Structures are given as C-alpha cells and as structure tokens.
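Everything on this sheet refers to the single structure shown next.
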Number of protein chains: 2
Amino acid sequence: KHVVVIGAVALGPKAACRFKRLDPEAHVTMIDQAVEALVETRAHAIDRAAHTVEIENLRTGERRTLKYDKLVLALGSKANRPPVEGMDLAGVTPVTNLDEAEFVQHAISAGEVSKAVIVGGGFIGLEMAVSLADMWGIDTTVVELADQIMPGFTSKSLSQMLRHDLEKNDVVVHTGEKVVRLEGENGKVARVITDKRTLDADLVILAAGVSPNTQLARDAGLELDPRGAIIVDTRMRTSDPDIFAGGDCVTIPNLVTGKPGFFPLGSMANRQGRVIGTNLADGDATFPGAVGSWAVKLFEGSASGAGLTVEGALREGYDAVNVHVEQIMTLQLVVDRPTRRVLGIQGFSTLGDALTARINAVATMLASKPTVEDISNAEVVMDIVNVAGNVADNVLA
Amino acid sequence: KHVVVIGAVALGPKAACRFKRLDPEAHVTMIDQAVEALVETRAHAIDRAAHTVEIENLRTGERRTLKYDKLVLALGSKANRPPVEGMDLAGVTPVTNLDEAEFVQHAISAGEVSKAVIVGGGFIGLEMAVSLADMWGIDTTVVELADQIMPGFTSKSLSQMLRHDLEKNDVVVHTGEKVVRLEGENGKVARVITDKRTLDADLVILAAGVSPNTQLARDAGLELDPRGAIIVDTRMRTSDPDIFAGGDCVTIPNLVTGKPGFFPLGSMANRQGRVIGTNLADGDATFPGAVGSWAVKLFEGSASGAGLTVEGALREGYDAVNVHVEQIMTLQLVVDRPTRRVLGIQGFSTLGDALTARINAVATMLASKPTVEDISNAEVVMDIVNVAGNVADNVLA
Ligand SMILES: [Ca+2]
Ligand SMILES: [Ca+2]
C-alpha cells in the first residue's frame, strides 16, 4: 500500500503513525498543503477514478503526480473573515485551532506587541486573551458580536462568571459589538473600528469561527454538507471508500441532537486519527460522533461543559430548562421537559480538576441519552452532580 | 398514609424526608432499632398480613403495636466477627459504615488510646488507620488476612502503592495474617495474637466485612438471598409490595456482572432513599443496581475505582487482563478478552480530584457495557483514559 495524507494537523501524523505501526511494509507520503514528508507542497487536484493526486512544490514550481491506494484528507479549516475593509493588513492573524494558538503565542516576545484586539469570544478567543495578557502583559480586548462571550458553549448566566474572570484581570470585554473596519498605517493594522468605538490595535486575532477548508474535496466530487464539511461514515470514510477525512473539515453526528454536527475541537484529532490509521490497515474501527465536551482555563476560574446550552437547546426547538446548582462551584444542567432527557451540562469553578470530574461523569453519559433519573443516580465516586439531577426532577414536577 | 421506618442510617431519614416533601399530609414513625421519632426502641416482629410492627422501648420495657400502610427496612449490617476468644472484651469496636467510623473518631480524645489494631484492610479499615494516626497520633497497625490490603477494590500491584502510603506515614501493615485470639486485662482488650505475632492493643477495630442485619426480615418471611440480604426489585420493594428496603441490608444487581451483588457503600444510601421516598408517595422511581464506585484518601495519595479488579474478574471466571498506564498517576483497566468489555477501572494518584475525574468518566459508563473502543473514544474533557483504551486494544491484538 501507498497511502497519501494531505495536511499536517494533529490528524495526519496520527493517522499515518498508527497506520505504520500496523502495516510497516506500506509507504506513506504526507503533504503539508501549505514517511515521505513533502513540505511547502500543495495538492492541486484529486483524480478519484485514477487514484492520483497532482501536487506542486510552491517554491520551485516542480509538479508531481502521486499515486495512492488510500488517501487521507486532513484539510483543517479557515478563519471566518468579516467582509470589511482592512482584513488584508499585516498584523491581522487568523487562529483556527489550538496548535495555531500556541504558535502565535510563542512567536511573540517581550516588547513586540502593545495592543491586541481579539475578534471573537469563543474557546480560541478567550484562551488567546488570557495567554497574551498573562504570558506577555499585552493590553488585551475581546470584541464579540453575540450578546455574550462563549456563545453556544455556556449559558448567558454562566458566561458572566467567565466574563468577570477576564475583566478583573484587565481584559476588557465588549459584547453585542460589531467590527466595521480595520484601519492601518504601514499596510499594518493600527486600529479596529467597531459600531460603538475605535480601538487601537497593532495585533488583531481573528477567532470568530471557522469554515471547512474543503475546495479540494469539492473539486474532487466528494459529498459535502451545505456548510462545505466533508460527509463521512463512522469509519471516517468519505463518499469515496478509498478516501478518509477527519478533524475540522468533516461533519459527524451530534450524539445529543441526532443530527449532523461540526466539531472543530482539538481532542477529536487524535481519536479520529487513530481510527483512520486502523482502517487504512484494513481494520473496522469506528468513531460514532461527538457531544462537544470542552474545557477552558481562565485567570482564576475554569469553565467546562458538553452537549447543548439552554439557548442552544432552545434554538434547536427543545422545550428545555436550565437548572443551576451552587456549592465556589456552579453546575448548570440542560433538560428536555417532555422526555426528561439531559441535553447538556456546563459549569464554572476555581477548582479546575474538581469541575472536570463532574463534567466528565456526565459527558460520557450524554451519547446514551440519560434522563434526569440517570443523573440523580449517577454512580460518581451527596455529590453535586446527583444534586443537580434532584433539583431538575423537582423543577420538572 | 402511615409509614413506619425501621432503622436510622442515612437511608431511613432520607426516605422519610423525601416522602414528606411529596406527601405532607401523611404520618411517619421512625424507630432507631437500637416525624414521630422513637429512640432506644426495637421492632420485635413484623406482621405483614395485618400491617403491624410490635415495638419495645428497651429502657422502660413498654411494648407497642404500630400500624402501617407502608414499611421501610433500613436495618444496616453487622460486623463479621472471627470465631475466636476475647471478641467480647471492652475496646473491641465493630465499625460497619462511614458514619460509625466518624463516631468512633470523634469519641476519642487526646491521650485516651495508645495502641490501635485494625482488623481488616478494606475501605473502612484503611480510613480508620489514617484517621487514628493523623488526627490523634495513635500507634496504628492494620492486620489483613488476604495477601493484600483493599482486596476486591484494587489489584495486588496497585495495592502496594496504597500500602506504601500507609507504611511511610508510620502505619504498620501485616498481610497474609490471621487473628487467633484477643487477650485482655480488665475485661478490656490488651493484646491481639495473630498466627505470626503478638501485638499490644488497647483499641481493636473490627473492619473485616459485614453481614446484612436482617433477622427481622427473615422472621417476617421476606425473600432473602443465601447471604441473608433482602431481595428487592428496582423500585426498592421487597417480596412484600408494601415493604421497601435499602442500604447495607439488601442485594441489588451488579451492573457489570449481571448477577446479584452486595454494595454496603455510603453513597448508595442517599440515592436509594430518595427513590424509596418517591415510591412511598405512589411514584415509580427506579434504582437499577450498582457497579461499585469508591474512593479512599490516604496520607498523601488517593485511590479510586469502579467495577471489578482483575483478580475479582478472574474469580468470576472472566478471561480478564489488567492493563496499566502511568503519567504521578496510575490507571489500571480491566478488560474481558473475548468481548473486549471493560469490567473495571482503578487508580492511584497524589492528585485526588484529577484521578476522580478519570475514574468518574469511566464509572458512569460501566453499566452501559462499554468496550475498549468506547474507552479509546471516551469524550473526556491525549488524556490518560483514552491512552488506557489504546494500550488495552494493543494488548488484546
Ligand atoms: Ca493614518
Ligand atoms: Ca494478664
């Protein structure tokens, strides 16, 4: 077997290394899409019938046609960019994943950046806010279009706890605020203009969500969803059975809603890569989908969760209720009224590991469709998780 | 409704308080079996056809016949006592539950006890070892018949980690060692004689396991298992539909083995009590059984787990394998070879909450019969739990 892997994320290297452990006699070529590893190299087209990928080295222009028995698409995502003026200036930096986040953080050094504006108050935005202010003492402002930070990850009520953690450690936060244009001085960003103010920024981080980087799949004829996400089965196979895909370029079943979802989360990479590795070696490993577990560490508190927030469940049209419990630790449990199904759980605490233990207990249950009674009876090592289930059974009665 | 509750554990008060919240117009009488609360009072007999309990106040001898619509049996357990000489001396103290443990700990004061011997190195024994040595500086020795401490809760290999925590904080531990007799001075214990040595003890803690305290159920004609545990359905009803039972006097399904089990654990009380409360109020709440989640905090480390240990799984006749992973944190994962089912998980760490988070993730999964792939893919907030699943899939291949 020759296997070609396009993209170096976490997912590509993982799939290939797992592949090789199982089939050491096979050959793998990895292309970085900027173990035979071709850097600064782009796949230009995929010919599925012929099992060929045309590639081009971007420096020398030398073009080559690789042949494959199996292909892996680890194409990642691209930053959503507001259709506004100045989104082309130097200093405007997309960050679509945690690896990219770490790169930007370690490419900065003392005295380089004076003002940072983060566009987007999601997982990426908030982690960057904290890193820039804490590692480097950079003056940092988060600007979020939605009326809350972490929209879709925590409720509005819970988000305020996270908001305070940021504001009390000198991160300014603006919500319900739209970016109107970026203004520049050397062809380098110098100001962000919102619909409410003007902010000075010599660094602007784009962390406002992502789209699958799937033009190559599209051109090849692969089945894609309306969002452009590559559609895969549970073996991580695309509509072409010799082509696998994973990571932030695919859609997989949301295990709470039973509908197709999109999970561009770090954690998915390694797990899906392993399955792709095994299946490239003729195995039949499966990855069922996701419920969306997450954690963010802030200055003093930590926030964590899985599944739907109340607003998220309401947006899907569940008759949902948000039940909260406090101990500092807060849990919020999201429950469907008519079925009594638990749809999600989120929390905030100054004790990171203690909260994680509570969220994990429930997160691994969500795919099995637990009800409030399952949370009342959850056999956790009374505990706040059980108390949340009792309060929810009480709220529903 | 009049409901009579026999026993004040956690379970009795919980059942009654939940009952009352739902049906405030009803009456409850609670008997302590040494809200109308009769202390120093014993139930002598139950007449099921007549729905009556004859009781006797143990001080005055006054006898009374209570009538009931529903009865709750919270009879607890009794310490297993070796059929050896001197098990009647003052200073020989059975401890069958964590509440009893806390009682003994707070009844001692500075300079009262010089030497403590703990007979049994299980959950109770070890917690008492630690409390006595740490709160009070008592010279403490654990004597265990099995070749390891925590038999049935951790593997032999993992138990050594817990053993060391004890020995390095001055608790002496003897395993593979049998109690032959207790020797006394004032009709008070002064020495424990084992088959290997003589130990001075002015306090001897019996923590060598328990039997259900069910004579009253037996006399009443209630269906009991070979061990004497009251058999209940998932609504916590005995063979008499007007009589409920829970706590350490019942058997419920082991959710890993699919067979009847016995779970005299603190945690079960509150959860089962709530269900009994609701069902006394004409609800139809259920409690499915247990997998046996547990945690013990020692001097510096913590140990935690759920389900079967490898030796436990082997004793049940599973072709089981124990897979370990280290990071200090150790996890051990117990796997059935032919089905790939995970049967259990245990661990040890100096980080208490961090381990708990890992054990919880898997503990709430055990009843759903996860396989190694479910652990490889567990959607925990790569993580050591996933790594354990990958190593186990590797060991099995
Ligand atoms: Ca200018
Ligand atoms: Ca003598």
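If you're wondering about the labels, chains in the structure tokens are A, B, ... by order shown, residues count from 1 in each chain, ligands from 1 in order shown.
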
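Selecting all polymer residues at most 9 Å from ligand 2, using only C-alpha atoms and all ligand atoms, gives residues 183, 184, 185, 186 and 190 of chain B.
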
Could you write out that same residue set with N, CA, C and O atoms as a PDB file, in the first residue's frame?
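Result went into result-v8.pdb, see below:
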ATOM      1  N   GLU B 183      -6.469 -11.032  73.779  1.00  0.00           N
ATOM      2  CA  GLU B 183      -6.140 -11.175  75.186  1.00  0.00           C
ATOM      3  C   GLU B 183      -6.410  -9.884  75.937  1.00  0.00           C
ATOM      4  O   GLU B 183      -6.140  -8.777  75.410  1.00  0.00           O
ATOM      5  N   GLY B 184      -6.960 -10.038  77.151  1.00  0.00           N
ATOM      6  CA  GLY B 184      -7.435  -8.915  77.954  1.00  0.00           C
ATOM      7  C   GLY B 184      -6.952  -8.831  79.401  1.00  0.00           C
ATOM      8  O   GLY B 184      -6.534  -9.849  79.998  1.00  0.00           O
ATOM      9  N   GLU B 185      -7.061  -7.613  79.961  1.00  0.00           N
ATOM     10  CA  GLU B 185      -6.651  -7.316  81.343  1.00  0.00           C
ATOM     11  C   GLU B 185      -7.758  -6.909  82.330  1.00  0.00           C
ATOM     12  O   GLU B 185      -7.837  -7.465  83.423  1.00  0.00           O
ATOM     13  N   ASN B 186      -8.635  -5.977  81.993  1.00  0.00           N
ATOM     14  CA  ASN B 186      -9.726  -5.688  82.945  1.00  0.00           C
ATOM     15  C   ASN B 186     -11.070  -6.235  82.493  1.00  0.00           C
ATOM     16  O   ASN B 186     -12.095  -5.705  82.886  1.00  0.00           O
ATOM     17  N   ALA B 190      -6.164  -5.980  75.622  1.00  0.00           N
ATOM     18  CA  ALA B 190      -4.799  -5.507  75.806  1.00  0.00           C
ATOM     19  C   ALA B 190      -3.834  -6.047  74.733  1.00  0.00           C
ATOM     20  O   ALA B 190      -2.767  -5.448  74.494  1.00  0.00           O
TER      21      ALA B 190
END

- request: Name all residues at most 12 Å from residue 361 (chain A) (count only C-alpha atoms; drop same-chain ones fewer than 4 positions away) and give them as a PyMOL selection string.
  value: (chain A and resi 293+305-306+344-346+354-357+365-366+370+374-375+377-381+383-386) or (chain B and resi 293+356-366+378-381)

message: Calculated over only C-alpha atoms, which of the candidates A:156, A:22, A:195, A:223 has the smallest distance to chain B?
response: A:22

message: To test your reading of the structure, identify every residue in region 90-156 of chain B that backbone DSSP assigns to helix (DSSP H, G or I), and report it as a PyMOL selection string.
response: chain B and resi 98-107+123-136+156

- prompt: Leaving out residue 244 (chain A) and any residue of its chain fewer than 2 positions from it, which residues lie within 7 Å of it when counting only C-alpha atoms, given as a VMD selection string?
  reply: chain A and resid 71 to 73 236 to 238 242 276

- line: Between A:11, A:189, A:232, A:295, smallest distance to ligand 1 by only C-alpha atoms and all ligand atoms belongs to A:189

- request: Kindly indicate which residue among A:307, A:228, A:187, A:76 lies nearest to ligand 1, using only C-alpha atoms and all ligand atoms for the distances.
  value: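 Ranking A:307, A:228, A:187, A:76 by distance to ligand 1, first place goes to A:187.
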
message: Rounded to one decimal, what separation in Å do you get between CA of residue 267 (chain B) and CA of residue 343 (chain B)?
response: 20.5 Å

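With distances restricted to only C-alpha atoms, B:266 is the closest residue to chain A from B:86, B:312, B:266, B:176.
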
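Closest approach to ligand 1 from the set A:388, A:333, A:205, A:191 is made by A:191, with distances taken over only C-alpha atoms and all ligand atoms.
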
9 Å contact set for region 256-259 of chain B, only C-alpha atoms, chain neighbours under 3 positions out, as a list in words: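 So the residues in contact are residues 252, 253, 290, 291, 307, 308, 313, 316, 342, 343, 344, 366, 367, 368 and 369 of chain B.
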
For those residues, write N, CA, C and O atoms to a file as an mmCIF file, in the first residue's frame.
data_model
loop_
_atom_site.group_PDB
_atom_site.id
_atom_site.type_symbol
_atom_site.label_atom_id
_atom_site.label_comp_id
_atom_site.auth_asym_id
_atom_site.auth_seq_id
_atom_site.Cartn_x
_atom_site.Cartn_y
_atom_site.Cartn_z
ATOM 1 N N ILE B 252 -28.689 -5.926 45.311
ATOM 2 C CA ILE B 252 -29.162 -5.354 44.055
ATOM 3 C C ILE B 252 -28.237 -5.834 42.925
ATOM 4 O O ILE B 252 -27.139 -6.273 43.174
ATOM 5 N N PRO B 253 -28.697 -5.754 41.670
ATOM 6 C CA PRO B 253 -27.910 -6.274 40.550
ATOM 7 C C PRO B 253 -26.535 -5.628 40.442
ATOM 8 O O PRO B 253 -26.407 -4.399 40.546
ATOM 9 N N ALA B 290 -25.833 -1.351 40.885
ATOM 10 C CA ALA B 290 -24.594 -0.641 41.096
ATOM 11 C C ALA B 290 -23.429 -1.304 40.370
ATOM 12 O O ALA B 290 -23.502 -2.497 39.996
ATOM 13 N N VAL B 291 -22.377 -0.505 40.158
ATOM 14 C CA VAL B 291 -21.097 -1.015 39.722
ATOM 15 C C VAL B 291 -19.992 -0.921 40.781
ATOM 16 O O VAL B 291 -18.923 -1.475 40.567
ATOM 17 N N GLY B 307 -16.288 -1.111 39.498
ATOM 18 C CA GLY B 307 -16.363 -2.371 38.825
ATOM 19 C C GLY B 307 -15.364 -3.358 39.429
ATOM 20 O O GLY B 307 -14.941 -3.224 40.587
ATOM 21 N N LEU B 308 -14.966 -4.320 38.611
ATOM 22 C CA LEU B 308 -14.118 -5.414 39.056
ATOM 23 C C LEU B 308 -12.641 -5.116 38.964
ATOM 24 O O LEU B 308 -12.189 -4.398 38.070
ATOM 25 N N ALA B 313 -12.283 -10.138 38.582
ATOM 26 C CA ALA B 313 -12.834 -10.614 37.305
ATOM 27 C C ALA B 313 -12.396 -12.065 37.079
ATOM 28 O O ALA B 313 -13.173 -12.888 36.622
ATOM 29 N N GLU B 316 -14.554 -14.402 39.050
ATOM 30 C CA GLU B 316 -15.859 -14.599 38.393
ATOM 31 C C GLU B 316 -15.740 -15.449 37.145
ATOM 32 O O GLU B 316 -16.754 -15.716 36.490
ATOM 33 N N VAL B 342 -15.056 -3.639 29.020
ATOM 34 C CA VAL B 342 -14.330 -3.088 30.152
ATOM 35 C C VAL B 342 -15.107 -3.525 31.385
ATOM 36 O O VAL B 342 -16.283 -3.355 31.431
ATOM 37 N N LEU B 343 -14.436 -4.143 32.355
ATOM 38 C CA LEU B 343 -15.106 -4.676 33.538
ATOM 39 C C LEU B 343 -14.872 -3.809 34.774
ATOM 40 O O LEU B 343 -15.520 -3.995 35.807
ATOM 41 N N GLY B 344 -13.906 -2.912 34.677
ATOM 42 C CA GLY B 344 -13.478 -2.137 35.803
ATOM 43 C C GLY B 344 -12.296 -1.248 35.511
ATOM 44 O O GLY B 344 -11.618 -1.384 34.478
ATOM 45 N N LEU B 366 -19.765 2.206 32.929
ATOM 46 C CA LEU B 366 -19.672 0.722 33.098
ATOM 47 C C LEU B 366 -20.990 -0.007 32.915
ATOM 48 O O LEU B 366 -21.026 -1.033 32.258
ATOM 49 N N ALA B 367 -22.074 0.543 33.453
ATOM 50 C CA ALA B 367 -23.403 -0.081 33.335
ATOM 51 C C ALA B 367 -23.879 -0.215 31.893
ATOM 52 O O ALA B 367 -24.656 -1.087 31.608
ATOM 53 N N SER B 368 -23.409 0.640 30.989
ATOM 54 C CA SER B 368 -23.776 0.534 29.561
ATOM 55 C C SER B 368 -22.927 -0.479 28.777
ATOM 56 O O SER B 368 -23.083 -0.609 27.573
ATOM 57 N N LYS B 369 -22.028 -1.181 29.467
ATOM 58 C CA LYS B 369 -21.209 -2.229 28.866
ATOM 59 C C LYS B 369 -20.312 -1.698 27.752
ATOM 60 O O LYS B 369 -20.354 -2.169 26.621
#

- request: From region 134-323 of chain B, collect each residue whose DSSP state is strand (DSSP E or B) and return the set as a PyMOL selection string.
  value: chain B and resi 139-143+151+154+172-174+179-184+188-194+198-200+203-206+210-212+224+230-231+237+243-245+250-254+260-261+290+294-297+302-307+320-323

- request: Find the spatial neighbours of residue 339 (chain B), counting only C-alpha atoms, within a cut-off of 12 Å - ignore same-chain residues fewer than 4 positions away - and output them as JSON, numbers by chain.
  value: {"B": [318, 319, 320, 321, 335, 343, 369, 370, 371, 372, 373, 393, 396]}

Writer output for current selection, N, CA and C atoms, as a PDB file, in the first residue's frame:
ATOM      1  N   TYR B 318     -13.951 -14.576  34.276  1.00  0.00           N
ATOM      2  CA  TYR B 318     -13.682 -13.872  33.016  1.00  0.00           C
ATOM      3  C   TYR B 318     -12.242 -14.138  32.666  1.00  0.00           C
ATOM      4  N   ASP B 319     -11.987 -14.318  31.385  1.00  0.00           N
ATOM      5  CA  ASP B 319     -10.641 -14.290  30.857  1.00  0.00           C
ATOM      6  C   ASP B 319     -10.164 -12.825  30.788  1.00  0.00           C
ATOM      7  N   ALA B 320      -9.803 -12.259  31.931  1.00  0.00           N
ATOM      8  CA  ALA B 320      -9.587 -10.827  32.039  1.00  0.00           C
ATOM      9  C   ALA B 320      -8.138 -10.479  32.012  1.00  0.00           C
ATOM     10  N   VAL B 321      -7.833  -9.273  31.556  1.00  0.00           N
ATOM     11  CA  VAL B 321      -6.478  -8.775  31.595  1.00  0.00           C
ATOM     12  C   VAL B 321      -6.450  -7.401  32.245  1.00  0.00           C
ATOM     13  N   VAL B 335     -10.247  -5.704  31.490  1.00  0.00           N
ATOM     14  CA  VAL B 335     -10.871  -5.949  30.190  1.00  0.00           C
ATOM     15  C   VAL B 335     -11.148  -7.426  29.983  1.00  0.00           C
ATOM     16  N   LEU B 343     -14.436  -4.143  32.355  1.00  0.00           N
ATOM     17  CA  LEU B 343     -15.106  -4.676  33.538  1.00  0.00           C
ATOM     18  C   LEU B 343     -14.872  -3.809  34.774  1.00  0.00           C
ATOM     19  N   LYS B 369     -22.028  -1.181  29.467  1.00  0.00           N
ATOM     20  CA  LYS B 369     -21.209  -2.229  28.866  1.00  0.00           C
ATOM     21  C   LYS B 369     -20.312  -1.698  27.752  1.00  0.00           C
ATOM     22  N   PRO B 370     -19.467  -0.737  28.076  1.00  0.00           N
ATOM     23  CA  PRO B 370     -18.543  -0.238  27.094  1.00  0.00           C
ATOM     24  C   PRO B 370     -17.471  -1.273  26.738  1.00  0.00           C
ATOM     25  N   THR B 371     -16.892  -1.118  25.545  1.00  0.00           N
ATOM     26  CA  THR B 371     -15.811  -1.959  25.082  1.00  0.00           C
ATOM     27  C   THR B 371     -14.586  -1.053  25.076  1.00  0.00           C
ATOM     28  N   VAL B 372     -13.428  -1.607  24.722  1.00  0.00           N
ATOM     29  CA  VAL B 372     -12.158  -0.892  24.704  1.00  0.00           C
ATOM     30  C   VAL B 372     -12.200   0.311  23.754  1.00  0.00           C
ATOM     31  N   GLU B 373     -12.898   0.145  22.647  1.00  0.00           N
ATOM     32  CA  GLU B 373     -13.077   1.223  21.721  1.00  0.00           C
ATOM     33  C   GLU B 373     -13.834   2.405  22.386  1.00  0.00           C
ATOM     34  N   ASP B 393      -6.414  -2.097  23.687  1.00  0.00           N
ATOM     35  CA  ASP B 393      -6.667  -2.563  22.326  1.00  0.00           C
ATOM     36  C   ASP B 393      -5.365  -3.154  21.749  1.00  0.00           C
ATOM     37  N   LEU B 396      -4.684  -6.514  23.663  1.00  0.00           N
ATOM     38  CA  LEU B 396      -5.558  -7.553  23.065  1.00  0.00           C
ATOM     39  C   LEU B 396      -5.240  -7.990  21.605  1.00  0.00           C
TER      40      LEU B 396
END

query: Separation of CA of residue 250 (chain A) and CA of residue 213 (chain A), in Å?
result: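 Between these atoms lies a distance of 9.6 Å.
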
message: At a cut-off of 9 Å, using only C-alpha atoms, what residues contact residue 23 (chain B)? Leave out same-chain residues fewer than 4 positions from it and give the result as a PyMOL selection string.
response: chain B and resi 1+18-19+27+280-281

message: Can you tell me which residues surround residue 165 (chain B) at a distance of at most 10 Å, considering only C-alpha atoms, apart from same-chain residues fewer than 3 positions away, and format the answer as a list in words?
response: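 Counting only C-alpha atoms, the residues come to residues 130, 159, 160, 161, 162, 168, 169, 170, 171, 298, 299, 300, 301 and 302 of chain B.
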
Could you please take those selected residues and save C-alpha atoms as a CSV table (one decimal), in the first residue's frame?
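Everything below was put into out02.csv:
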chain,number,residue,atom,x,y,z
B,130,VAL,CA,-5.4,7.1,58.6
B,159,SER,CA,-2.5,-2.1,46.5
B,160,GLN,CA,1.3,-1.8,47.1
B,161,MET,CA,1.1,1.9,46.2
B,162,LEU,CA,-1.6,2.3,48.9
B,168,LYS,CA,5.8,5.6,55.2
B,169,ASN,CA,3.4,7.5,57.4
B,170,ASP,CA,4.0,5.0,60.3
B,171,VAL,CA,1.1,2.7,59.9
B,298,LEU,CA,-4.7,8.2,52.3
B,299,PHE,CA,-1.9,10.3,53.8
B,300,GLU,CA,-0.5,11.7,50.5
B,301,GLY,CA,-2.2,9.6,47.7
B,302,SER,CA,-5.7,8.9,46.8

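Note that the spacing between CA of residue 119 (chain B) and CA of residue 206 (chain B) amounts to 5.2 Å.
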
field: Among the residues B:107, B:224, B:95, B:204, the one that comes closest to residue 140 (chain B) [using only C-alpha atoms]
entry: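 Using only C-alpha atoms, residue 140 (chain B) sits closest to B:204.
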